[PDB]
């Protein structure tokens, strides 16, 4: 009886996956295995449907609402979460838990020099010379329905000069070093504050909310009745500002996700 915890290929997914793994083994006689390097929410969900994972560490409400459930991008945090919770329960008997306490949203990120020099505050301010710009984005966002590029173009009414898809990890330096004029960063990445970068305002509210939660089949929670109490320790416990520091511990200071998670868990006494 080994619990299989899925980690997406994001620093944040890996930290949180370890944090779950360690809290389980501390509180239980259940032992754990991490399934690393799932490329996306789709990969994660597919893996859960086939029994390959028992717990998703990091799922985001807007992402699964638009892709896995095939729904419109609901723009309200609370409403988005409810539809996602009721749909997972109703559709797969999966439990989409309440969030850890943090939203990890797509954010248009620029250097401050660039925003001074181009008079930029908002995503709409980009429109003026948009075709002059190089945008850095992740390997999937351009192909996404609902919350992807196509949606952005029909919402903000403009497109960028060129778009470059890369690994999300690398957009923080590419924007900093001038290789890109703007990137679509993730808001919880600690390098944004660490590089004194500017988040632009989503003035048209194109993006749905992206509250982060764990997901486990009830089938699993039935079997291991002591498991839900463990996950519950972490519910509402990590705000965006905490997640930003944790992320940076791996990203800036180059620590193993397991070390970061253990240090976090030690600091809060494993929450009893």
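Definition used throughout: the rigid core is the maximal C-alpha set that superposes within 1.5 Å between two forms. Positions refer to the first chain, counted from 1.
How do 94 to 102 and 115 to 123 compare in 4 other deposited structures of this protein: which one has C-alphas farther from this form after the rigid core is matched?
Most displaced of the pair in 4 other deposited structures of this protein: 115 to 123.
Segment of greater CA departure in 4 other deposited structures of this protein, 27 to 35 or 199 to 207, core superposed:
Per-stretch check in 4 other deposited structures of this protein: the more divergent one is 199 to 207.
Between 234 to 242 and 206 to 214, point out the one with the higher average CA B-factor as the PDB entry records it.
According to the entry, 234 to 242 carries the higher average C-alpha B-factor.
Comparing 143 to 151 with 79 to 87, the one whose average Cα B-factor in the PDB entry is higher
That would be 143 to 151.
Pick out which of 71, 191, 201, 119 has the highest C-alpha B-factor in the PDB entry.
The C-alpha B-factor peaks, among 71, 191, 201, 119, at 119.
Which of these has the highest Cα B-factor in the record: 93, 177, 105, 109?
If I rank 93, 177, 105, 109 by C-alpha B-factor, first place goes to 177.
Would you please rank residue 36 by its C-alpha temperature factor against the other modelled residues of its chain and give the third it falls in: lowest, middle or highest?
Middle third - that is where residue 36 ends up once the chain's C-alpha B-factors are sorted.
Pull the Cα B-factor of residue 28 out of the PDB entry and bin it into the chain's lowest, middle or highest third.
CA B-factor rank for residue 28: highest third.
B-factor third for the C-alpha atom of residue 55 within its chain
Lowest third, going by the recorded CA B-factors of the chain.
Based on the deposited C-alpha B factors for this chain, I'd like to know if residue 43 is in the lowest, middle or highest third.
It belongs to the middle third of the chain when residues are ordered by C-alpha B-factor.
Sorting by Cα B-factor within the chain, modelled residues only, which third would residue 184 end up in: lowest, middle or highest?
As the PDB entry reports it, the C-alpha B-factor of residue 184 lands in the lowest third of its chain.
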